[PDB]
Amino acid sequence: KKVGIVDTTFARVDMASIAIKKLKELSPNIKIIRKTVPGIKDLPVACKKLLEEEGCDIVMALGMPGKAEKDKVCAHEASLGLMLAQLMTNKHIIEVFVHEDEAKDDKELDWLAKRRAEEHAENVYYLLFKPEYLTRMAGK
Amino acid sequence: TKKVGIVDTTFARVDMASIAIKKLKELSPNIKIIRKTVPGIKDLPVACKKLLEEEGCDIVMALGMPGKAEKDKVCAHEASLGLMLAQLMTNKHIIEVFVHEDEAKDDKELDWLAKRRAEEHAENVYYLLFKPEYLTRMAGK
Amino acid sequence: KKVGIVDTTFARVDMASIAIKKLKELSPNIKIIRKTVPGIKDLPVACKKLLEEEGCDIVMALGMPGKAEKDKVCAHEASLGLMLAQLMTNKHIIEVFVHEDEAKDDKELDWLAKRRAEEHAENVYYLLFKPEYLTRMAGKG
Amino acid sequence: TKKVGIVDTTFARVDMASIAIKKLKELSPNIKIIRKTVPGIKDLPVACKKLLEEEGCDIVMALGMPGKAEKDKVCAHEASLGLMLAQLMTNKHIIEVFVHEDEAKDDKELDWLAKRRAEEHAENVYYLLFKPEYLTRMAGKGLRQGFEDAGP
Amino acid sequence: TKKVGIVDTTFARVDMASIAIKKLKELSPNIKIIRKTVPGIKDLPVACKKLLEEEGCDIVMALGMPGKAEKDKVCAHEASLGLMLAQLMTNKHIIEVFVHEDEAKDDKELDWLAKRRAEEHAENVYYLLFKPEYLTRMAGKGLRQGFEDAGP
């Protein structure tokens, strides 16, 4: 299977490398394609292109919204864009958004975004290969 | 015959899917049921559309229990919009079953409320499938 | 000509009956089709299905949104759905949303819902038959 | 040749259409002009799109006058999205001529403002249709429709 | 790739297009450029889409400057979704270059900020067109357009 991973230069933490590593751990021969875009608002088309043009069965969308009110609106815009990209291709995009807000300092933020990217990576795996497991875990 | 798709999450703290399936099978024992579980509420829109367009579901139920934070309301509002888009792209209903965290006073109430709501929306799904004119009798009022 | 009328069970006034009465008043041989959905979020697809599958020329979406901030967010999602539904099918849907916000007490609420269903039903008649009366009334006078 | 759709409302407190039409016809005596009136702002988008796709309109003016209330502002935002989606689904412009009641003090000013906004937007229509490169001369020039230009 | 569209407005108070154009030609001298100017920020989405679909642009820069009021804030949000929707309908990037007036403390800063953000985004286009593996090198780093890089 093919997974697309779309990250940004805006993000203050590399989430991609740990997503990749988690995916390869769980399914050694799984195919990965990486695309990097400037900002969170560039994520929806890049994800869609990857789903429609590069054969990706699923995509992970990696972003890190800033602290401001304007950044919360940006992320909301991008969130909706991802939802539309998904409805246009009957394919999943797991939105991996870690707000800077969510950590108390840089060291915590680095750890948090990477742990979130790993966890969503696990989910991508389960959605691809073990979608009976997610049912077993239905709500706690 | 009729097919209902049921999409829920791992994140939610009540299993509403079981509540609704059971309700559905008692009112009409020959309804077909396909289930799909997604990590979170924002993954509900595609999964519902997929079940509608690819698995021949006549209708879908989308189940989730949003959190209480101001950022949970946005995610839920995000998801609800996807659900509405998914429906207009397929001329098929999706019944949204979102039970927010603040809608009950504690955990014990939240579990009971979510149970009640999942059952009630399953009733509505039944009416929409088999007696549409029974919703009209209680229209408005 | 054919009008679709979509209401809810959740609503607290029968607006549908009032719209239908006015409509058959102004045009005795207008064909009417009704569909009742549980809630406001279920309105847009019902409206779109009527427009596209039932040969409705125009549709009236009728609902009675609550007072809560949650009810307002829901109503807003509903209105966007109705707006997208109209663009995908080059057909009008006339929104008759009456928020509990707009009246004091139920007495006035009941009356205002009724009056709105009527005046909008008239607008529907005009769009269908006398679109040049609306032009006369553009910018109020 | 060259056709303009003008869509307005009965809800509006001021007639903006007559200004826009008069401006268009003085800018281009031969332009074809199509009018349609709807009850309200939420009715604008489908009316606009129908005008573009069914009546062969090259461009449309959507004229709207939202009320003062926060509920009105929500609907205005809903119409605005609608207008924007209509344009995308039919690669044609719709010029949003929305005048809020918040924008003026008194009715005399509301009357003045809405009419001047409609007129300046009518000229922009002339420009998109016949002389788009003029708008390029005016890139970054702080131009305002209604109230006076901000400037660079 | 060969073709870039640049869409700006008359509303904006700083000419953002010239600096982006200059950057583009500096990095890739033979690059094709096409410009359209619209009145406002809400007119950006369709102009952008037509350039992608009817003028054969590989990518577009959408340049605008939202005003200060909580109503220009809504206009830009509306305009941003439009931009995203235009991108998803085509499978083509539109780089949004919005400089809100609230971000600068006077006009001198705003001229500076808008020009810088435009230039850096123009550099981002270059990479997206020609060197997209470099953006992967800068994945998760401090990168900002206009204001100084935040750092990892």
# chains A, B, ... in the order shown; residues from 1 in each chain; ligands from 1

call {"tool": "calpha_fit_and_write", "arguments": {"fixed": "chain D", "moving": "chain E", "output": "short mmCIF file (atom, residue, chain, number, x, y, z; two decimals) with N, CA and C atoms, in the first residue's frame"}}
result
data_model
loop_
_atom_site.label_atom_id
_atom_site.label_comp_id
_atom_site.auth_asym_id
_atom_site.auth_seq_id
_atom_site.Cartn_x
_atom_site.Cartn_y
_atom_site.Cartn_z
N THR E 1 -17.46 42.70 -22.16
CA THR E 1 -18.41 41.80 -22.96
C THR E 1 -19.88 42.21 -22.91
N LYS E 2 -20.67 41.56 -23.75
CA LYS E 2 -22.02 42.01 -24.10
C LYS E 2 -23.07 42.02 -22.99
N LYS E 3 -23.02 41.05 -22.07
CA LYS E 3 -24.13 40.85 -21.12
C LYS E 3 -23.79 40.87 -19.64
N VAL E 4 -24.57 41.66 -18.90
CA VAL E 4 -24.47 41.78 -17.45
C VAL E 4 -25.80 41.45 -16.77
N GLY E 5 -25.73 40.65 -15.70
CA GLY E 5 -26.89 40.35 -14.88
C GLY E 5 -26.82 41.17 -13.61
N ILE E 6 -27.96 41.69 -13.17
CA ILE E 6 -28.03 42.42 -11.89
C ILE E 6 -29.10 41.80 -11.02
N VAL E 7 -28.68 41.31 -9.86
CA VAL E 7 -29.57 40.68 -8.89
C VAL E 7 -29.63 41.48 -7.60
N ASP E 8 -30.84 41.87 -7.23
CA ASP E 8 -31.04 42.67 -6.04
C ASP E 8 -32.17 42.05 -5.24
N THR E 9 -32.58 42.73 -4.18
CA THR E 9 -33.58 42.19 -3.26
C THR E 9 -34.70 43.18 -2.93
N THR E 10 -35.78 42.67 -2.35
CA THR E 10 -36.85 43.49 -1.78
C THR E 10 -36.52 43.88 -0.33
N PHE E 11 -35.70 43.05 0.33
CA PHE E 11 -35.23 43.28 1.69
C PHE E 11 -34.46 44.61 1.83
N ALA E 12 -33.55 44.86 0.90
CA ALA E 12 -32.74 46.08 0.91
C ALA E 12 -33.62 47.33 1.04
N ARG E 13 -33.06 48.35 1.66
CA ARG E 13 -33.81 49.56 1.96
C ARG E 13 -33.45 50.70 1.01
N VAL E 14 -32.49 50.45 0.13
CA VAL E 14 -32.15 51.41 -0.93
C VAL E 14 -32.11 50.68 -2.27
N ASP E 15 -32.73 51.27 -3.29
CA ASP E 15 -32.67 50.72 -4.64
C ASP E 15 -31.26 50.97 -5.18
N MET E 16 -30.48 49.89 -5.29
CA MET E 16 -29.09 49.97 -5.74
C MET E 16 -28.95 49.72 -7.24
N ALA E 17 -29.93 49.02 -7.82
CA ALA E 17 -29.88 48.59 -9.23
C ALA E 17 -29.96 49.71 -10.27
N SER E 18 -30.79 50.72 -10.03
CA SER E 18 -31.02 51.77 -11.02
C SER E 18 -29.75 52.55 -11.36
N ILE E 19 -28.98 52.89 -10.33
CA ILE E 19 -27.73 53.64 -10.45
C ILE E 19 -26.61 52.84 -11.12
N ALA E 20 -26.60 51.53 -10.88
CA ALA E 20 -25.63 50.64 -11.48
C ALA E 20 -25.94 50.48 -12.96
N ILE E 21 -27.23 50.30 -13.26
CA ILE E 21 -27.76 50.22 -14.63
C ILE E 21 -27.42 51.49 -15.42
N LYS E 22 -27.68 52.65 -14.81
CA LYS E 22 -27.40 53.95 -15.44
C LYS E 22 -25.91 54.13 -15.72
N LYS E 23 -25.07 53.77 -14.75
CA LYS E 23 -23.62 53.80 -14.93
C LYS E 23 -23.20 52.92 -16.10
N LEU E 24 -23.74 51.71 -16.14
CA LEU E 24 -23.36 50.73 -17.16
C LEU E 24 -23.67 51.20 -18.58
N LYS E 25 -24.89 51.70 -18.78
CA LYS E 25 -25.34 52.21 -20.08
C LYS E 25 -24.59 53.48 -20.51
N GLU E 26 -24.24 54.31 -19.53
CA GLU E 26 -23.41 55.51 -19.72
C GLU E 26 -22.00 55.18 -20.25
N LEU E 27 -21.36 54.17 -19.67
CA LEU E 27 -20.03 53.75 -20.12
C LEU E 27 -20.04 52.94 -21.43
N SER E 28 -21.07 52.10 -21.61
CA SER E 28 -21.21 51.26 -22.80
C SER E 28 -22.68 51.23 -23.21
N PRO E 29 -23.09 52.18 -24.05
CA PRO E 29 -24.51 52.40 -24.41
C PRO E 29 -25.28 51.19 -24.95
N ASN E 30 -24.60 50.28 -25.63
CA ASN E 30 -25.25 49.12 -26.23
C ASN E 30 -25.21 47.86 -25.35
N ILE E 31 -24.66 47.97 -24.14
CA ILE E 31 -24.57 46.83 -23.22
C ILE E 31 -25.95 46.20 -22.96
N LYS E 32 -26.01 44.88 -22.96
CA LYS E 32 -27.24 44.17 -22.59
C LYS E 32 -27.35 44.04 -21.08
N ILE E 33 -28.54 44.27 -20.54
CA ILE E 33 -28.78 44.16 -19.09
C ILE E 33 -29.98 43.27 -18.79
N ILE E 34 -29.84 42.43 -17.77
CA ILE E 34 -30.90 41.56 -17.31
C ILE E 34 -30.95 41.67 -15.78
N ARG E 35 -32.17 41.79 -15.26
CA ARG E 35 -32.44 42.01 -13.85
C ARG E 35 -33.30 40.89 -13.30
N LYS E 36 -32.96 40.43 -12.10
CA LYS E 36 -33.81 39.57 -11.29
C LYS E 36 -33.73 40.10 -9.88
N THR E 37 -34.89 40.15 -9.23
CA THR E 37 -35.02 40.54 -7.84
C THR E 37 -35.47 39.33 -7.04
N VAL E 38 -34.80 39.10 -5.93
CA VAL E 38 -35.15 38.02 -5.03
C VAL E 38 -35.57 38.66 -3.70
N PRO E 39 -36.21 37.92 -2.81
CA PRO E 39 -36.61 38.47 -1.50
C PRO E 39 -35.44 38.91 -0.62
N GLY E 40 -34.49 38.00 -0.40
CA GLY E 40 -33.43 38.23 0.55
C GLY E 40 -32.04 38.00 0.00
N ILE E 41 -31.06 38.20 0.88
CA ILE E 41 -29.66 38.10 0.53
C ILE E 41 -29.21 36.64 0.34
N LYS E 42 -29.85 35.72 1.07
CA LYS E 42 -29.59 34.29 0.96
C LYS E 42 -30.17 33.70 -0.33
N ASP E 43 -31.02 34.46 -1.02
CA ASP E 43 -31.59 34.01 -2.29
C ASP E 43 -30.74 34.48 -3.48
N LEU E 44 -29.73 35.29 -3.19
CA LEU E 44 -28.85 35.85 -4.21
C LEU E 44 -27.99 34.83 -4.98
N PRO E 45 -27.28 33.93 -4.29
CA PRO E 45 -26.39 32.98 -4.96
C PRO E 45 -26.97 32.18 -6.15
N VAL E 46 -28.14 31.57 -6.02
CA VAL E 46 -28.70 30.76 -7.10
C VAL E 46 -29.22 31.61 -8.25
N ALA E 47 -29.85 32.74 -7.91
CA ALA E 47 -30.34 33.66 -8.93
C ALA E 47 -29.16 34.15 -9.78
N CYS E 48 -28.08 34.51 -9.10
CA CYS E 48 -26.83 34.89 -9.75
C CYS E 48 -26.31 33.77 -10.67
N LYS E 49 -26.28 32.54 -10.17
CA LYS E 49 -25.80 31.40 -10.94
C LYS E 49 -26.66 31.08 -12.17
N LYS E 50 -27.98 31.12 -12.01
CA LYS E 50 -28.88 30.93 -13.15
C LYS E 50 -28.68 32.00 -14.24
N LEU E 51 -28.45 33.25 -13.84
CA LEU E 51 -28.21 34.33 -14.79
C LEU E 51 -26.92 34.08 -15.59
N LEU E 52 -25.90 33.58 -14.91
CA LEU E 52 -24.63 33.24 -15.56
C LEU E 52 -24.77 32.03 -16.47
N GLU E 53 -25.55 31.05 -16.05
CA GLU E 53 -25.62 29.79 -16.77
C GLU E 53 -26.77 29.66 -17.75
N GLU E 54 -27.91 30.29 -17.46
CA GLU E 54 -29.13 30.06 -18.24
C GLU E 54 -29.59 31.30 -19.01
N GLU E 55 -29.01 32.45 -18.69
CA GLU E 55 -29.37 33.68 -19.37
C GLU E 55 -28.16 34.27 -20.10
N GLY E 56 -27.06 33.52 -20.09
CA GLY E 56 -25.84 33.88 -20.79
C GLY E 56 -25.18 35.19 -20.43
N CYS E 57 -25.23 35.56 -19.16
CA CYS E 57 -24.53 36.75 -18.67
C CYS E 57 -23.04 36.48 -18.57
N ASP E 58 -22.24 37.46 -19.00
CA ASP E 58 -20.79 37.36 -18.86
C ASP E 58 -20.36 37.62 -17.42
N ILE E 59 -21.14 38.43 -16.71
CA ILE E 59 -20.82 38.83 -15.34
C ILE E 59 -22.11 39.19 -14.62
N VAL E 60 -22.08 39.15 -13.29
CA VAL E 60 -23.23 39.54 -12.49
C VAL E 60 -22.83 40.51 -11.35
N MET E 61 -23.73 41.45 -11.06
CA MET E 61 -23.63 42.26 -9.85
C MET E 61 -24.65 41.73 -8.88
N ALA E 62 -24.19 41.36 -7.69
CA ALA E 62 -25.08 40.89 -6.64
C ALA E 62 -25.24 41.98 -5.59
N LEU E 63 -26.44 42.56 -5.53
CA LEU E 63 -26.68 43.71 -4.66
C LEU E 63 -27.54 43.35 -3.45
N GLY E 64 -27.02 43.64 -2.26
CA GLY E 64 -27.73 43.38 -1.02
C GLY E 64 -27.36 44.32 0.11
N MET E 65 -28.20 44.33 1.14
CA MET E 65 -27.98 45.17 2.30
C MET E 65 -28.24 44.38 3.57
N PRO E 66 -27.19 43.85 4.17
CA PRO E 66 -27.32 43.18 5.47
C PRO E 66 -27.85 44.15 6.54
N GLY E 67 -28.71 43.63 7.43
CA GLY E 67 -29.22 44.40 8.55
C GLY E 67 -28.14 44.60 9.60
N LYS E 68 -28.57 44.97 10.81
CA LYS E 68 -27.66 45.42 11.87
C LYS E 68 -27.28 44.35 12.90
N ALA E 69 -28.21 43.43 13.16
CA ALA E 69 -28.03 42.37 14.15
C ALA E 69 -26.92 41.38 13.78
N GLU E 70 -26.34 40.74 14.80
CA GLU E 70 -25.28 39.75 14.62
C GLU E 70 -25.79 38.49 13.92
N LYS E 71 -27.07 38.50 13.55
CA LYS E 71 -27.71 37.40 12.84
C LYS E 71 -27.81 37.69 11.34
N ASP E 72 -27.96 38.97 11.00
CA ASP E 72 -27.88 39.43 9.61
C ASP E 72 -26.43 39.36 9.14
N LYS E 73 -25.51 39.55 10.09
CA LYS E 73 -24.08 39.38 9.86
C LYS E 73 -23.75 37.96 9.40
N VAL E 74 -24.41 36.97 10.01
CA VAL E 74 -24.21 35.57 9.68
C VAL E 74 -24.85 35.25 8.32
N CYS E 75 -26.08 35.75 8.11
CA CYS E 75 -26.76 35.67 6.81
C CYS E 75 -25.89 36.17 5.65
N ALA E 76 -25.26 37.34 5.81
CA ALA E 76 -24.39 37.90 4.75
C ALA E 76 -23.12 37.08 4.49
N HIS E 77 -22.52 36.56 5.56
CA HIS E 77 -21.36 35.67 5.46
C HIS E 77 -21.75 34.42 4.68
N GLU E 78 -22.89 33.84 5.05
CA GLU E 78 -23.49 32.71 4.35
C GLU E 78 -23.69 33.08 2.88
N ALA E 79 -24.32 34.23 2.65
CA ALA E 79 -24.58 34.70 1.28
C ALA E 79 -23.30 34.98 0.49
N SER E 80 -22.24 35.42 1.16
CA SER E 80 -20.97 35.72 0.48
C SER E 80 -20.22 34.49 -0.02
N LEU E 81 -20.17 33.45 0.81
CA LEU E 81 -19.60 32.15 0.40
C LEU E 81 -20.37 31.57 -0.79
N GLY E 82 -21.70 31.58 -0.70
CA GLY E 82 -22.58 31.21 -1.79
C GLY E 82 -22.19 31.91 -3.08
N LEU E 83 -22.02 33.23 -3.00
CA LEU E 83 -21.57 34.00 -4.16
C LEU E 83 -20.24 33.50 -4.68
N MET E 84 -19.29 33.23 -3.79
CA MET E 84 -17.97 32.74 -4.21
C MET E 84 -18.06 31.36 -4.87
N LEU E 85 -18.92 30.51 -4.33
CA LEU E 85 -19.10 29.15 -4.84
C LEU E 85 -19.77 29.15 -6.20
N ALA E 86 -20.73 30.05 -6.39
CA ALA E 86 -21.39 30.23 -7.68
C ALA E 86 -20.39 30.70 -8.75
N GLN E 87 -19.49 31.60 -8.37
CA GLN E 87 -18.40 32.02 -9.24
C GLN E 87 -17.46 30.87 -9.61
N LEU E 88 -17.08 30.04 -8.64
CA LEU E 88 -16.14 28.96 -8.93
C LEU E 88 -16.74 27.82 -9.77
N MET E 89 -18.06 27.63 -9.67
CA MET E 89 -18.76 26.61 -10.44
C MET E 89 -18.89 27.01 -11.92
N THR E 90 -19.20 28.28 -12.14
CA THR E 90 -19.04 28.91 -13.44
C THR E 90 -17.62 29.48 -13.38
N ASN E 91 -17.02 29.81 -14.51
CA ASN E 91 -15.76 30.53 -14.40
C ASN E 91 -16.03 32.01 -14.66
N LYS E 92 -16.88 32.61 -13.82
CA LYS E 92 -17.42 33.93 -14.09
C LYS E 92 -17.54 34.76 -12.83
N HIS E 93 -17.21 36.04 -12.95
CA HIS E 93 -17.22 36.96 -11.81
C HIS E 93 -18.64 37.28 -11.38
N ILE E 94 -18.83 37.33 -10.08
CA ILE E 94 -19.98 37.98 -9.49
C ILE E 94 -19.38 39.07 -8.62
N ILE E 95 -19.68 40.32 -8.95
CA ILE E 95 -19.24 41.43 -8.10
C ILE E 95 -20.23 41.62 -6.95
N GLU E 96 -19.80 41.31 -5.74
CA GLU E 96 -20.66 41.45 -4.56
C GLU E 96 -20.79 42.91 -4.12
N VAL E 97 -22.01 43.45 -4.18
CA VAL E 97 -22.25 44.79 -3.66
C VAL E 97 -23.17 44.77 -2.43
N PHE E 98 -22.54 44.53 -1.27
CA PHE E 98 -23.24 44.51 0.01
C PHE E 98 -23.00 45.80 0.77
N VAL E 99 -24.08 46.48 1.13
CA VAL E 99 -23.97 47.65 1.99
C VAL E 99 -24.64 47.36 3.33
N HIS E 100 -23.86 47.02 4.35
CA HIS E 100 -24.40 46.81 5.70
C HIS E 100 -25.05 48.09 6.22
N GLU E 101 -26.14 47.95 6.96
CA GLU E 101 -26.83 49.11 7.52
C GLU E 101 -25.99 49.81 8.60
N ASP E 102 -25.03 49.08 9.20
CA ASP E 102 -24.17 49.63 10.27
C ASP E 102 -23.15 50.65 9.78
N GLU E 103 -22.98 50.75 8.47
CA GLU E 103 -21.94 51.59 7.89
C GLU E 103 -22.34 53.06 7.75
N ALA E 104 -23.64 53.32 7.75
CA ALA E 104 -24.18 54.68 7.69
C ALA E 104 -24.74 55.12 9.06
N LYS E 105 -24.76 56.44 9.29
CA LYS E 105 -25.12 57.03 10.58
C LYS E 105 -26.58 57.49 10.64
N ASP E 106 -27.25 57.48 9.48
CA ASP E 106 -28.67 57.80 9.32
C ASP E 106 -29.10 57.26 7.96
N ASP E 107 -30.34 57.51 7.55
CA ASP E 107 -30.84 56.96 6.29
C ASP E 107 -30.33 57.71 5.06
N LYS E 108 -30.14 59.02 5.22
CA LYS E 108 -29.62 59.88 4.16
C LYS E 108 -28.24 59.42 3.73
N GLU E 109 -27.39 59.10 4.71
CA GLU E 109 -26.06 58.56 4.45
C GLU E 109 -26.11 57.21 3.75
N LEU E 110 -27.03 56.35 4.20
CA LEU E 110 -27.19 54.99 3.67
C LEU E 110 -27.67 54.94 2.23
N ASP E 111 -28.58 55.85 1.89
CA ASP E 111 -29.00 56.04 0.51
C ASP E 111 -27.79 56.48 -0.33
N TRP E 112 -27.06 57.47 0.18
CA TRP E 112 -25.84 57.97 -0.45
C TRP E 112 -24.78 56.88 -0.63
N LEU E 113 -24.43 56.21 0.47
CA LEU E 113 -23.40 55.17 0.48
C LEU E 113 -23.71 54.02 -0.46
N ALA E 114 -24.94 53.52 -0.41
CA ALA E 114 -25.35 52.37 -1.24
C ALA E 114 -25.31 52.70 -2.72
N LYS E 115 -25.79 53.89 -3.08
CA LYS E 115 -25.80 54.37 -4.47
C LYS E 115 -24.39 54.54 -5.01
N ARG E 116 -23.50 55.08 -4.18
CA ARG E 116 -22.11 55.34 -4.57
C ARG E 116 -21.32 54.03 -4.77
N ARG E 117 -21.38 53.15 -3.77
CA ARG E 117 -20.77 51.82 -3.85
C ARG E 117 -21.24 51.05 -5.11
N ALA E 118 -22.54 51.14 -5.41
CA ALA E 118 -23.14 50.50 -6.59
C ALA E 118 -22.54 51.03 -7.88
N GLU E 119 -22.47 52.35 -7.97
CA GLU E 119 -21.93 53.04 -9.14
C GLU E 119 -20.47 52.69 -9.40
N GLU E 120 -19.66 52.70 -8.34
CA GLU E 120 -18.22 52.47 -8.47
C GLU E 120 -17.93 51.02 -8.83
N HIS E 121 -18.76 50.12 -8.33
CA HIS E 121 -18.65 48.72 -8.66
C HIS E 121 -19.13 48.49 -10.10
N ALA E 122 -20.10 49.28 -10.53
CA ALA E 122 -20.58 49.28 -11.90
C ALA E 122 -19.45 49.69 -12.85
N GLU E 123 -18.65 50.66 -12.42
CA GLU E 123 -17.46 51.07 -13.15
C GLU E 123 -16.42 49.94 -13.16
N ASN E 124 -16.29 49.22 -12.04
CA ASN E 124 -15.39 48.07 -11.98
C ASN E 124 -15.76 46.95 -12.96
N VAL E 125 -17.06 46.74 -13.13
CA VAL E 125 -17.57 45.79 -14.11
C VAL E 125 -17.16 46.19 -15.53
N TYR E 126 -17.35 47.47 -15.85
CA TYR E 126 -16.96 48.02 -17.15
C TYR E 126 -15.53 47.64 -17.50
N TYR E 127 -14.61 47.94 -16.57
CA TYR E 127 -13.18 47.63 -16.74
C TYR E 127 -12.92 46.14 -16.88
N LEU E 128 -13.58 45.33 -16.05
CA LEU E 128 -13.40 43.87 -16.11
C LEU E 128 -13.84 43.31 -17.46
N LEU E 129 -14.91 43.88 -18.00
CA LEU E 129 -15.47 43.49 -19.29
C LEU E 129 -14.67 44.00 -20.49
N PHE E 130 -14.15 45.22 -20.39
CA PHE E 130 -13.66 45.94 -21.56
C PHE E 130 -12.23 46.43 -21.47
N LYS E 131 -11.78 46.74 -20.26
CA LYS E 131 -10.50 47.40 -20.05
C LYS E 131 -9.76 46.84 -18.81
N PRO E 132 -9.49 45.53 -18.80
CA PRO E 132 -8.92 44.88 -17.60
C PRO E 132 -7.46 45.22 -17.32
N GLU E 133 -6.75 45.81 -18.29
CA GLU E 133 -5.37 46.27 -18.10
C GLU E 133 -5.30 47.54 -17.27
N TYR E 134 -6.40 48.29 -17.23
CA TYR E 134 -6.47 49.50 -16.42
C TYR E 134 -6.49 49.16 -14.93
N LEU E 135 -7.16 48.07 -14.57
CA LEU E 135 -7.19 47.62 -13.18
C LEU E 135 -5.79 47.21 -12.69
N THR E 136 -4.97 46.70 -13.60
CA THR E 136 -3.55 46.46 -13.33
C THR E 136 -2.78 47.77 -13.05
N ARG E 137 -3.17 48.85 -13.73
CA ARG E 137 -2.58 50.18 -13.50
C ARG E 137 -2.85 50.66 -12.09
N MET E 138 -3.99 50.24 -11.54
CA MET E 138 -4.44 50.65 -10.22
C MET E 138 -4.20 49.54 -9.20
N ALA E 139 -3.39 48.56 -9.58
CA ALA E 139 -3.00 47.49 -8.67
C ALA E 139 -2.18 48.08 -7.53
N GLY E 140 -2.63 47.85 -6.30
CA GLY E 140 -1.91 48.29 -5.12
C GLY E 140 -2.13 49.75 -4.74
N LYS E 141 -3.13 50.38 -5.34
CA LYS E 141 -3.42 51.78 -5.07
C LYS E 141 -4.54 51.95 -4.02
N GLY E 142 -5.06 53.16 -3.87
CA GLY E 142 -5.96 53.41 -2.75
C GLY E 142 -7.43 53.03 -2.86
N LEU E 143 -7.79 52.24 -3.87
CA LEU E 143 -9.17 52.16 -4.37
C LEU E 143 -10.21 51.58 -3.42
N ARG E 144 -11.30 52.34 -3.27
CA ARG E 144 -12.44 51.94 -2.45
C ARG E 144 -13.75 52.21 -3.18
N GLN E 145 -14.78 51.45 -2.83
CA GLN E 145 -16.10 51.63 -3.40
C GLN E 145 -17.05 52.08 -2.30
N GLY E 146 -17.65 53.25 -2.49
CA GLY E 146 -18.53 53.84 -1.51
C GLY E 146 -17.80 54.95 -0.77
N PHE E 147 -17.05 54.56 0.26
CA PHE E 147 -16.14 55.46 0.98
C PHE E 147 -14.96 55.89 0.09
N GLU E 148 -14.34 57.01 0.45
CA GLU E 148 -13.27 57.60 -0.36
C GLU E 148 -12.07 56.69 -0.42
N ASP E 149 -11.35 56.75 -1.53
CA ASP E 149 -10.18 55.92 -1.75
C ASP E 149 -9.18 56.09 -0.59
N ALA E 150 -8.70 54.96 -0.07
CA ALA E 150 -7.75 54.97 1.06
C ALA E 150 -6.35 55.45 0.68
N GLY E 151 -6.02 55.39 -0.61
CA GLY E 151 -4.69 55.73 -1.11
C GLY E 151 -3.65 54.64 -0.86
N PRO E 152 -2.57 54.63 -1.63
CA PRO E 152 -1.44 53.74 -1.37
C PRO E 152 -0.67 54.20 -0.13
#

call {"tool": "select_by_dssp", "arguments": {"residues": "chain E", "states": "strand (DSSP E)", "output": "NGL selection string"}}
result
:E and (3-9 or 32-38 or 59-64 or 94-98)

call {"tool": "interface_residues", "arguments": {"of": "chain C", "to": "chain B", "cutoff": "7 Å", "atoms": "only C-alpha atoms", "output": "number ranges by chain"}}
result
C: 7-15, 35-38, 45, 49, 77, 81, 85

call {"tool": "residues_around", "arguments": {"residues": "residue 25 in chain B", "least_positions_apart": "3", "cutoff": "12 Å", "atoms": "only C-alpha atoms", "output": "JSON, numbers by chain"}}
result
{"B": [2, 3, 4, 18, 19, 20, 21, 22, 28, 29, 30, 31, 32, 33, 119, 122, 123, 125, 126]}

call {"tool": "residues_around", "arguments": {"residues": "residue 72 in chain C", "least_positions_apart": "6", "cutoff": "12 Å", "atoms": "only C-alpha atoms", "output": "PDB file with C-alpha atoms, in the first residue's frame"}}
result
ATOM      1  CA  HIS B  77     -18.425  22.005  13.536  1.00  0.00           C
TER       2      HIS B  77
ATOM      3  CA  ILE C  40     -32.551  21.081  10.853  1.00  0.00           C
ATOM      4  CA  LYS C  41     -29.292  19.345   9.825  1.00  0.00           C
ATOM      5  CA  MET C  64     -37.442  26.539  14.274  1.00  0.00           C
ATOM      6  CA  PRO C  65     -33.835  26.875  15.572  1.00  0.00           C
ATOM      7  CA  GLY C  66     -33.235  27.012  19.358  1.00  0.00           C
ATOM      8  CA  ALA C  78     -28.002  24.104   7.947  1.00  0.00           C
ATOM      9  CA  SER C  79     -28.188  27.380   5.960  1.00  0.00           C
ATOM     10  CA  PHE C  97     -35.951  29.660   9.796  1.00  0.00           C
ATOM     11  CA  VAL C  98     -37.578  31.175  12.874  1.00  0.00           C
ATOM     12  CA  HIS C  99     -35.212  31.306  15.839  1.00  0.00           C
ATOM     13  CA  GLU C 100     -36.846  31.274  19.273  1.00  0.00           C
ATOM     14  CA  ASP C 101     -34.553  34.326  19.620  1.00  0.00           C
TER      15      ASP C 101
ATOM     16  CA  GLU D  70     -25.303  39.792  14.514  1.00  0.00           C
ATOM     17  CA  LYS D  71     -27.803  37.314  13.002  1.00  0.00           C
ATOM     18  CA  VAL D  74     -24.111  35.647   9.831  1.00  0.00           C
ATOM     19  CA  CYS D  75     -26.502  35.536   6.806  1.00  0.00           C
TER      20      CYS D  75
END

call {"tool": "closest_residue", "arguments": {"among": "C:124, C:83, C:113, C:96", "to": "chain D", "atoms": "only C-alpha atoms"}}
result
C:83

call {"tool": "atom_distance", "arguments": {"atom1": "CA of residue 88 in chain C", "atom2": "CA of residue 42 in chain C"}}
result
17.0 Å

call {"tool": "residues_around", "arguments": {"residues": "residue 33 in chain C", "least_positions_apart": "3", "cutoff": "12 Å", "atoms": "only C-alpha atoms", "output": "PyMOL selection string"}}
result
(chain B and resi 133+136) or (chain C and resi 1-7+16-17+19-20+30+36+46-47+49-51+53-60)
